[PDB]
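K.L.:
Quick check, what structure comes out for this input:
(6 chains, ligands or ions: 6)
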Amino acid sequence: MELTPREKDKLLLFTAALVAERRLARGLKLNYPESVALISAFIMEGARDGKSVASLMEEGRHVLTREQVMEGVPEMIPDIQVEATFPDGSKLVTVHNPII
Amino acid sequence: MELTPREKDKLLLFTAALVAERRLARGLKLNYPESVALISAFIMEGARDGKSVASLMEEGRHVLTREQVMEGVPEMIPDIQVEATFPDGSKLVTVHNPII
Amino acid sequence: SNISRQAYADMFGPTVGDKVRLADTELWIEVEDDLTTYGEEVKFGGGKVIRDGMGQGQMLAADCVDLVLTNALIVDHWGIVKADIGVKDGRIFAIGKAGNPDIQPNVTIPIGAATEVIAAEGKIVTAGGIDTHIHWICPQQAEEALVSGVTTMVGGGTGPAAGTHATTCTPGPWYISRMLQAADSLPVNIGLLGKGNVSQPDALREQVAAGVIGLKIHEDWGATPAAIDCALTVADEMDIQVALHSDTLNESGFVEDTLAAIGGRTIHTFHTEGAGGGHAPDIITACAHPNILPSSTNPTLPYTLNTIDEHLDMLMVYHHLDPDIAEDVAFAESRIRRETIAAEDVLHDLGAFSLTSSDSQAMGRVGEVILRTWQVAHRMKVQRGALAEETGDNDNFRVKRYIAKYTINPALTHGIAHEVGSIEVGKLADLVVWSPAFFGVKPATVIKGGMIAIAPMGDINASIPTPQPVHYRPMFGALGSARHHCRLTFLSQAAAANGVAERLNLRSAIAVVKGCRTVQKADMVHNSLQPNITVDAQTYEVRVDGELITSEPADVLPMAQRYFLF
Amino acid sequence: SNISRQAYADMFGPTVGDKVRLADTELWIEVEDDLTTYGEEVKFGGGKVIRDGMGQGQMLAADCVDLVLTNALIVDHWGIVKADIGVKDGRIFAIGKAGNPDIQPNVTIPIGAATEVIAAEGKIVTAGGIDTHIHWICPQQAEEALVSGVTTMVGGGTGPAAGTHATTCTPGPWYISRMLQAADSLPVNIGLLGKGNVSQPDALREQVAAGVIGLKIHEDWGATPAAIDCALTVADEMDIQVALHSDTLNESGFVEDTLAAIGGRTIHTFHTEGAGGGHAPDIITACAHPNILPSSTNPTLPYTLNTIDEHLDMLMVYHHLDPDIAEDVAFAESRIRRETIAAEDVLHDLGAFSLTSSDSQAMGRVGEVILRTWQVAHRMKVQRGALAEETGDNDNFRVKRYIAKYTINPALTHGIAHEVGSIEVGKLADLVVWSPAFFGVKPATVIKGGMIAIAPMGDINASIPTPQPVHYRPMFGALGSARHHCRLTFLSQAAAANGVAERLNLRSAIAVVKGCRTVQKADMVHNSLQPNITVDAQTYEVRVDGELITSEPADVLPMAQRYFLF
Amino acid sequence: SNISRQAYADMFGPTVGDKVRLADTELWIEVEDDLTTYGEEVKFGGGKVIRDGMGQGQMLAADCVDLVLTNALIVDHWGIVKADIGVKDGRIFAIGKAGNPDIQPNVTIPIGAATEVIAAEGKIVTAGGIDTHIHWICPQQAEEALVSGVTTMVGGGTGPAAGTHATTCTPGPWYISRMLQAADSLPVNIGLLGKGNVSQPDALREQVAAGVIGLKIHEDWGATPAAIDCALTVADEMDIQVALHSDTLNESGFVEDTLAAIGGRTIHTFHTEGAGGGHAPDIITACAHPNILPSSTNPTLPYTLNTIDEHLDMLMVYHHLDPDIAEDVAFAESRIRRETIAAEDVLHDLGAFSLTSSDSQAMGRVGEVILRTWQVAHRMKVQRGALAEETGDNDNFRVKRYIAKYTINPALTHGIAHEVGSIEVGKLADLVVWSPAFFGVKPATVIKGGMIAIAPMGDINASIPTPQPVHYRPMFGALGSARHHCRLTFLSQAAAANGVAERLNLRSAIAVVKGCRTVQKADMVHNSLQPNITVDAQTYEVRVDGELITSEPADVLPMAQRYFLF
Amino acid sequence: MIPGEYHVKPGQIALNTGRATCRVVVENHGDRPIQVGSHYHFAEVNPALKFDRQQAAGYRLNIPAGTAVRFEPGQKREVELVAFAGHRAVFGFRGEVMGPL
Ligand code: NI
Ligand code: NI
Ligand code: NI
Ligand code: NI
Ligand code: NI
Ligand code: NI
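P.N.:
Numbering: from 1, shown residues only, chains lettered A, B, ... in the order given. Ligands and ions are numbered 1, 2, ... in the order given. There you are, the coordinates:
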């Protein structure tokens, strides 16, 4: 595989998102780290699919709603940023006010 | 658990394979690292089941086909090697030209 | 006897006339020369050639190399040739034919009992990359860069502090001393840049005497004509380089005023295209001058379909700009221009831009300097075809022009070409071994000062080093005292003389910079073009001799999704 | 001109009269004073104030600070004020107004070419925490503590050995020397405690001469009157502190006998409530004496719904007690008492208990000293309302009383307040920067000796330092020689004189402890109460002046599930 | 009073006559002797024995041990006994009865204020393992080996280079010097082997003078009679050991020619069975000679159902053999023989083979030397029953014979038995503590030079060290300067005299090898058999005195799937 | 498209050109297989291989570098040898020459 440090670091984000994913499935209101991990992993998969940065900046704002996270969480996340390998290389996706 | 360095290292391979597994499920053509991780994890589970080295060297060649991976990938993987604890201890499984 | 060319290539790697595809790009290289004697190639292994009395001689350690890279296909600014590479005392000893003079002919690289062997047949070997635009935001950047194939890092910073997040400056004696001490822990050659923004010369001299090999002039600390002139005056007297990030706001004047302040003195302009900073919107015109050594930072290389979208927001987040307030987004529009971003790719292809760098974690990707440089070359071949300098049915010249952008040119620009920058005798043995299918993406071995420092490594407990999981791990060359011996800390001549290394008790080898004032655009290997370039103030269109310079955005690039897990 | 207060707070952080909520607790702080001149605040960035000739002057390195924390909201035992913080030579230079005297007024912290900038507007800055109850079970504890905001660790141990699992003792010269050498590798200030349980003075003097800054008397090694008196006699002559874990079994006598043995001499009583060890069930009465400096360990802070259940079993596992044998569970019942556990919270609120500590991996959580201290303050505000000392509609005084529990008081108790413990001029620059939403939970930056040592860091290869995954990673301040320069190893005066640092070839800066014998309860900042406290031998009820002291267990706490992944 | 044997065993571990099962194997050990005085056992804890005036005396540091391992069940080549182990100055002080002579009888290991305690009741303690077949392919191997219970590593290499992938050779002065410097960073004792394949003596002497403690003769560099004789001549004059990997190809002669070249001089034959390399197919006959110290590498230990299948392909991949070309697979068949692989297990049981080693990442598993050695003993007990030397109803003798294979014998073979190799007074305190259920698989504590270097550690932030996740983590004994003090770098006598340690500025303790030329098969503890062994050239059948030696392949083994996650 | 693929031009390579060669019939009289490498001094190979050792003096196998020729027990075959070059000084092997020639 010849995994570089950045590929291995992203494995950490993916795993954190698996934890969040299962908890949301149980019907829990996500906390701060769970919310950031879930939305972040969503974007990385979008890039693997070949979606554009423009599409993801918008779609990322519909992963979680205010009713699916604990009180105060939406305000603790003014934005979420993550990079992934798009068909045209690494690009940065910034999702402003992802939770509403 | 008293996990040794090698057990922890294999947790990295397992997780890389979870990423590949989900992408294949979506219908994507796997890339180089995804392909190596998926086939590798398959073998480790085979050893946990108690399958022989001889059986796995063959079965490993039927996990992915040329139509399930990106162009050039089969040629980037002349073989795949992985070790796991068989009922009779650690053994090395080498799968030659796993993707066809 | 006789052997077919295909069987030969499989056993010893390609030879004269054979072509090799660089990774998954459309770039093909052709072997120009082979320094071997057919039938006398050295090969290591059971029953092979490198054995006592055979390919290995009886000479003492002093009369043989410490390491030999056998049957390597060298790709450097001077040629694409097949040869054996000898390393002795951590430096490049010779490029030629290895073996034992007792029974073999034309031996120029003697192998003896004291010789270690690295089998490079079927592999491409290149010098280590040199990134001259590092923001020392975190130490983790050194491993990321090393893994990508970059062995020298020049920049400034003190950690995740605001000043460093924005500029490549290590402010003052205390932080400079602290960072020089910390550098001993990192597996790459390092040189630091101080804060050059001051109108009092002695404040700059102090920093140089403390150890910085250059001064960064950044607009955030005030890139005014007074500051610029002051920095250049000190640079001229202390033989150090100045890196510039000009006044984007046009607050003290326009690009012509800045150029006037520089006054024909040598200077390295950072991210000359402008997106990363500089006079809006024509800082790019600087590449026309003889005293300007121009480089690009990597997020804009090459122009792709998602570039503008990501950049507009990247700039917004990085500068804390309010997107809904019309007054802020106007400045955003002035910095990110599709017109200059597309032209930059072409200017690299023509040789008007001479270096590529990252701009680590401050609008740049530290592990993508090499990778992006090749993506640009691929995109330019696809769009523009063969360069006027090409000869034969290959891309050899384009390959030499581009590899120089991250190896020899940055070395020349910063006064360290006497130590590193290329595969030439006497230079530090910083080498990178690549498998053709992974060229520019994932290295097979990264050698620092004659010792392997990092390489892909499989299961530690396995019967062999190849079983999964295979990922990059630090080797002996990155450990304690062996590391110190295999890396260099560059100092200014003033610091070296003041005994800074002894005072701080620096453990690594020391190298002194020199020749920073005498380099000019004409000295940039394969990238010395000084075009009559203009930028339309209203439309931002870039023209050279009146002709419009532009390119089309890529939707898919090589060296991307086929290699990375994320 | 004029600017509205809200826009002002968004740009420069809050000012006089504004209130800020501490994380998700009910604690609110109000800015008491602002040392700026409105309109002259320094801000770093493109086109901002800290630029050549503007907010940055022309002075040489000696006449300006190395680092400036701009627009910081300081929270310390002496005040909650807005100001700029200057750091020079690794120490706190001044708390005032930063800038350039050439064009700005009231400048007390000069910024020059040699100055690095950390933008603290909108952030809260505090001194580094000091944990004086460390069991050196593993080196990994130092990173865990550093990340939480603790910069100094005092304790004893030799690794995961039985003696260390149970006591904070580094036994004898050999292990003491070995641990002092190992300390150079850790990114926190360190001081060691030796085994004080012996009735032969010379065996204690040896340990002190070897380097320990204190002696731990633990019941597992025999907390007898003879041992206690011996340790105190040596402490009195060598100016070192004694930490006590009394005889829980009441084997040599009751609490009154132990107090009699101490004989009015200075001593730091560990986990004074009793759950962590000590005379059953009234060791808590010790907080009434003038010579006793009382601290709590953290698992009992604050009293919650699951406390008793977890503790009863924790004690069982830790002491290898057999749950089915009535004779063992009786001793369990004697140590874990709901009555004393509930009272302890109140005693902290009243200032009868002066310190908080962990008791790392021996009935304590190393990364939760700060976090739990604030949870107690929250719970006490909710249950008891405003303290009698409060002024204004805020919790400022309660905040000052509690922050002193893990900063200045432990420093005073162990004789290191001359080096660390608070944000005052001349002290080592161990600072912690917090975002209000994460105060006491997850730091934004942890500075050691003037250099950032650890901080949250995003993707290393990203264009900016903010993309995910963001997790704590060691910075330059934690690397090799830079680390040695930014940390302190505390020694006893005897060791310093004997040349122990030179003999062991210790690389870090050295600091000597002093004033351990002269501190008394009256010296504990905001926590000097000596209550007439009694404990009923049968019911375990705690009373002060006859009134019952108690509290209710929390079902939910702030700084918990909203911040952690697990 | 009186106590029942079961309650006694639960409190103090087993005593004389009790038996203990080794992990999940069929091997049972019986306590042969107990050095205690019933009623006077030392136990640490609340209200226990090791307390001031009780089990702990009043002596100064010089008159008491630094560390005491209480109630340990020792398993070493000399006995299986219950006793207390005293450690002083990093070395084994005494094996006897610990305590305070003031009130206890028969005290031979005095405990004082300066004594740390490790509770070993219920645990088995053994010397650290010694692997003499290391390929320094990567530094990560040291941690893997340490975790398994191996504290000394002898081998050669320079990193992931072709020469090292194939041979245990550190070629020449430069690489040798570099590797000696790198060794200071690793937590295990280290000794290096140079390249012994040369027919010019001075080229070997140089390497020895540079620091190697032995020379590796490998067929890949040419294992010719001329080379072998040259290496042995130098070894004879410089008191260093020679390790041999003979000519598998039979190119220069057959096994008898190699033996003739050796000429009765001392030599350590690597992987004597042949699969790992050597004269095809009878290199195994070497174990019959008095001057040959024979060892096995681990992938063939023990013979199992999947062995041949994995080996045939492992050899193919490792040697780059083409499976479809009949000419290559013939050589494959000559090296991997079911006949010799099955016999090897029996030869170990009889004591004809004296050492076990790994052959790390070059057809061997670095973390499985100990584990596989016990699996062989288990398989041999199951198939062959009790050894002729057994006495009583236990496997004590078989256990002593096998533990010697990876502890005392390798130490004797390489001239380092004066420092390490067994639990005897005066030797470096490299000890491994095991819980019986995990013996040989996962250690409870690994001690290096008197300090714990690595051990299982649970949640760092937990209230106790036991909560999950529990995994191996480096302790204080593996940190910077403490590490240097607790490890040894072995040098040749010539290097020690030349001042190599001072020249390279080596920080760790130095030990010199001696007695490598005088060891013979008769000196191998419990493994000195010289059988009249023959190998049929056609059938490959192994016979001793005409009787066929063979065994059956295991389908399931202990110390496997019950313990590992993968 | 195949990442890193070669485009080897068709043809053949002539090895060890311009050097003296000679053919020798060799027979393995031993009971175990013998395999000789391309650069080994043929005159000093395993004593079980019967041939004119005098003719092989200063010669090695005329085969591609790194390859070898195998001789199973009783196997007889004709091999082509090429003369050593350089200083033509033989050191090592079975120690029969240890000097020039
Ligand atoms: Ni810039
Ligand atoms: Ni920059
Ligand atoms: Ni305690
Ligand atoms: Ni404690
Ligand atoms: Ni071998
Ligand atoms: Ni080996």
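
K.L.:
ok, the residue of chain F found nearest ligand 3 - contacts?
P.N.:
In chain F, no residue comes nearer to ligand 3 than residue F:3, which is 62.7 Å away by CB to the ion. (Each C-beta comes from the backbone N, C-alpha and C, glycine too.) Applying CB atoms under 8 Å, 6 or more residues apart in numbering or on different chains, one finds that residue F:3 lies in contact with B:72, B:75-76, C:21, C:23-24, C:436-438, C:562.

K.L.:
contacting residues for residue 12?
P.N.:
Unless you meant another one, I'm taking chain A. D:469, D:471.

K.L.:
not what I meant, chain F
P.N.:
Contacts of residue F:12 (CB under 8 Å, 6+ apart): C:2-5.

K.L.:
What of residue A:6?
P.N.:
So residue A:6 contacts C:144, C:367, C:566, D:459-461 (CB under 8 Å, 6+ apart).

K.L.:
Neighbours of residue 93, how many?
P.N.:
This is for chain A. Using other CB atoms under 10 Å in any protein chain shown, residue A:93 has 29 neighbouring residues.

K.L.:
switch to chain F, that's the one I care about
P.N.:
Residue F:93 - counted by other CB under 10 Å - has 26 other residues nearby.

K.L.:
And the one 5 residues further on, by the same measure?
P.N.:
Neighbourhood size, residue F:98 [other CB under 10 Å]: 15.

K.L.:
what's the closest non-adjacent residue to the residue nearest in space to the middle of chain F?
P.N.:
Among the residues of chain F, the one closest to the centroid is residue F:61, at 1.9 Å (CA atoms, centre = their mean). Sequence neighbours aside, residue F:38 is the residue nearest to residue F:61 in space, at 5.1 Å (criterion: CB to CB, 6 or more residues apart in numbering or on different chains).

K.L.:
and that neighbour, how far is that from residue F:80?
P.N.:
Distance, residue F:38 to residue F:80, by CB to CB, to the nearest Å: 12 Å.

K.L.:
Check residue C:400 too.
P.N.:
Taken as CB to CB, the span from residue C:400 to residue F:80 is 42 Å.

K.L.:
what about the two, which has more around it?
P.N.:
The neighbour comparison of residue C:400 against residue F:80 (other CB under 10 Å) goes to residue C:400, with 19 against 13.

K.L.:
could you list every residue that touches the residue nearest to residue F:61?
P.N.:
So residue F:38 contacts C:48-49, F:60-61, F:63-68 (CB under 8 Å, 6+ apart).

K.L.:
Where do the strands of chain F begin and end?
P.N.:
F:6-7, F:12-14, F:21-28, F:34-37, F:49-50, F:59-61, F:68-71, F:76-83, F:89-90, F:99-100 (DSSP state E).

K.L.:
Can you lay out the ones you listed as CSV showing distance to residue C:75?
P.N.:
Converted to CSV, those look like this (distance: least, CB to CB, whole Å):
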stretch, distance to residue C:75
strand F:6-7, 15
strand F:12-14, 22
strand F:21-28, 37
strand F:34-37, 31
strand F:49-50, 44
strand F:59-61, 33
strand F:68-71, 32
strand F:76-83, 33
strand F:89-90, 37
strand F:99-100, 41
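
K.L.:
which ones are touching residue C:564?
P.N.:
Counted by CB under 8 Å, 6+ apart, residue C:564 has contacts A:4, A:7, A:85, B:31, B:33.

K.L.:
Compute the number of surrounding residues for the last one.
P.N.:
By other CB under 10 Å, the residues close to residue B:33 number 26.

K.L.:
Break chain C down into its domains, please.
P.N.:
C:1-127+C:422-479, C:128-421+C:480-565 (curated CATH domains).

K.L.:
how far does the first one sit from the chain's center?
P.N.:
Mean C-alpha position of domain C:1-127+C:422-479 versus that of the full chain (CA atoms, centre = their mean, to the nearest Å) differs by 21 Å.

K.L.:
near chain D at all, it?
P.N.:
No. Judged by CB under 8 Å from any CB of the partner chain, domain C:1-127+C:422-479 makes no contact with chain D; its nearest approach is 12.6 Å.

K.L.:
Any idea how many residues pack against residue 34?
P.N.:
No chain specified, so I'll use chain A. 26.

K.L.:
wait, chain F
P.N.:
Residue F:34, neighbours per other CB under 10 Å, totals 27.
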